[PDB]
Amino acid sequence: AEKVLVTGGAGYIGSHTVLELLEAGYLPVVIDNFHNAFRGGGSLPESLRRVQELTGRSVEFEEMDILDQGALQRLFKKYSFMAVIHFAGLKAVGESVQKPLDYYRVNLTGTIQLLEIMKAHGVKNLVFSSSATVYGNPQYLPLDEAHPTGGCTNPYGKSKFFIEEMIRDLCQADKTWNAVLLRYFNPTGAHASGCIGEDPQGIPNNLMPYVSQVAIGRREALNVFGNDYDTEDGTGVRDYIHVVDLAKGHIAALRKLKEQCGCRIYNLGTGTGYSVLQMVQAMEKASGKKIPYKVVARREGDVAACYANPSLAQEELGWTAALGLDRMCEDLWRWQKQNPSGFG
């Protein structure tokens, strides 16, 4: 066994991770159902067509849904996987509140079925792409891996917590499993080529893609949800990690599995949070554009500040984020300007 399955590998973090896997000398097999990825003019998703050009290496790809048991069984019989990196899922928080059953079905049932097939095929090596929203509202900052988990405020976050708990119980029951749960906040930026990046369908949910679309002329003005928080400038402080650093952390996790590590949990991040206005300022600097905004009411449930402590990963995974705020913004801008409408 010598392939790495990457579920959801056509998406934002997955496509960057497939690139890093290829550059690191692994042999990926990617599956995706195109729920949130654009089709290319050939078989590959456009993101992965471009990854093949960027790396000079071929991407093995199957269009399939991880909810389809028969397809998943056939996949694991056809390929000999040594590990799985699991990105396939739904991840829009506001959508999760409106459509909880879809989130529980894709995220929970999808992951359970993946685990069941992995077990059946003796593939017991997993990197799970988790979320630091599993810590709930912060009780101390920065959040480290000892901080309590649970008490999530939306179905997305609850789904990620529930999956973590299931994996932890699986590993307790069977000490031959190795699983690395990676917790992080907001992936930002893009591969330095500007050829791939986050390609939101419709009006972006999140700050940075919205700000980039204001800068390019695609959107009127940003809404800033509250400026009366207990933060330096009154706007909320959040944690942003360059997607390339994040992708490299998934490769470091894959290496940790080879140590027969059992169940391990690591935060990934830079260790420093930024306010909404700090991100807007840095995007004006990178883009050379004004980014108008208006301050509106706080959203119910939003906390003043949340950011992660990446010290454990810096020791045990050998991983450090190299790319700071200006690089995140410069790389997002380059993707945006080179691809004003995204992939399509």
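We call the rigid core whatever largest set of C-alpha positions still superposes within 1.5 Å between the two forms. Numbers for residues come from their place in the sequence shown, where the first is 1.
*Asks:* On a core superposition, give the stretch, 289 to 297 or 44 to 52, with the larger average C-alpha separation from this form in 4 other deposited structures of this protein (RMS over structures and residues).
*Replies:* Higher root mean square deviation of C-alphas in 4 other deposited structures of this protein is shown by 289 to 297.
*Asks:* After a core fit, does 275 to 283 or 31 to 39 show the bigger CA gap to the shown form in 4 other deposited structures of this protein?
*Replies:* Stretch with the larger root mean square C-alpha distance in 4 other deposited structures of this protein: 275 to 283.
*Asks:* Select between 124 to 132 and 228 to 236 the stretch whose C-alpha atoms have the higher average B-factor in the entry.
*Replies:* For C-alpha atoms only, the mean B-factor is higher in 228 to 236.
*Asks:* Which wins on mean Cα temperature factor, 244 to 252 or 92 to 100?
*Replies:* Result: 92 to 100.
*Asks:* Among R105, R219, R264, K158, single out the one with the highest C-alpha B factor in the record, please.
*Replies:* Going by the entry's C-alpha B-factors, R219 comes out highest.
*Asks:* Could you tell me which one of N186, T111, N178, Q201 shows the highest CA temperature factor in the PDB record?
*Replies:* Max CA B-factor in the entry, restricted to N186, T111, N178, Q201: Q201.
*Asks:* What third of its chain, lowest, middle or highest, does the C-alpha temperature factor of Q314 fall into?
*Replies:* It falls in the middle third of the chain.
*Asks:* Report the third (lowest, middle or highest) to which the CA temperature factor of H147 belongs, ranking only the modelled residues of the same chain.
*Replies:* According to the entry, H147 has a C-alpha B-factor in the chain's middle third.
*Asks:* Once the chain's modelled residues are ordered by C-alpha B factor and cut into thirds, is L67 in the lowest, middle or highest one?
*Replies:* Middle third, going by the recorded CA B-factors of the chain.
*Asks:* Lowest, middle or highest third of the chain for the C-alpha temperature factor of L48?
*Replies:* For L48, the deposited C-alpha B-factor lands in the lowest third.
*Asks:* Where does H86 sit by CA temperature factor within its chain: lowest, middle or highest third?
*Replies:* It falls in the bottom third of the chain.
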